[PDB]
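In structure tokens, one chain follows: the form deposited in one PDB entry.
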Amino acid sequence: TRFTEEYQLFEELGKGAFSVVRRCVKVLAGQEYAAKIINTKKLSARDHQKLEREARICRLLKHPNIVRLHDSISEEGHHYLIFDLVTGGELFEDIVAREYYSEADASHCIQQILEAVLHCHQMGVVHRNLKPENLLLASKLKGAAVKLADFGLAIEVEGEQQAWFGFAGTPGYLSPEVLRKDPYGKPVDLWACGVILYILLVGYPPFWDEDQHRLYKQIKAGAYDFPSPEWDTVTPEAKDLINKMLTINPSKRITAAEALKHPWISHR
């Protein structure tokens, strides 16, 4: 079929449980991409439908701060996802390496993340799984764009309609409404943006505990600090945006649109 004949495979960039990703060239254009090659023979019916939902949802998104899915091909014993080639690794790795971001860099970073989330929301997509591991740097270059990835847990929403879409995501980044088993939607991503922004500024999260029961109590109670000394030098408008994202009532939580107008971002 059309993958082997339209795309030329080059070296392995990474691997997962049931996938290998290789650099490839669309021979006609000579443009390079990342080909995620999935052995569908080793996938359950459930994983197979997850994959085809992920492919559908990601294809809705066309934004410089989202890892673009250009093509989806279902051949003999394989599924090929053709993505933007990204060579800068995870935002998680960059934060670890640099300890934390200056307010300038943190503001620049979360602005890009909010633009990606806003685009998702305008396309009727809620990610549900925002975290530093799911944000990739386009390159190792100085001012490389942050790109949102992994729509494996993303859902399609009907305008502003909320519903119970199930208990799904990463414990440390789960919104209070999901933990409360409340109907939810777009606001869940803005909670995760708050957790990410907090991490960018001091290099550690607002909610953590070895005991998951106690972690979920902290999140539901919205019990987070700005400890001294590291937060003492952090500007109050930075703390204000975090506070406006980490509100336990999603109806009172700042949206992606409103967040991008917030002084700390719009005056930077």
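Throughout, rigid core stands for the largest set of C-alpha atoms superposing within 1.5 Å between the two forms. The first residue of the shown sequence is 1; numbering continues from there.
The form deposited in another entry is left out here; the points below concern that form.
Student: Where among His108, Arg180, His78, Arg98 does the Cα move by 2 Å or more between this form and the one not shown after the core is superposed?
Tutor: The displaced C-alpha is that of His78.
Student: Considering a change of 3 Å or more, are the Cα atoms of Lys42 and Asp150 closer or farther in the other entry than here?
Tutor: Farther, not closer.
Student: At a change of 3 Å or more, would you call the C-alpha separation of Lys131 and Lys42 in the other entry closer or farther than in the form supplied?
Tutor: Their C-alpha distance grows by at least 3 Å in the other entry.
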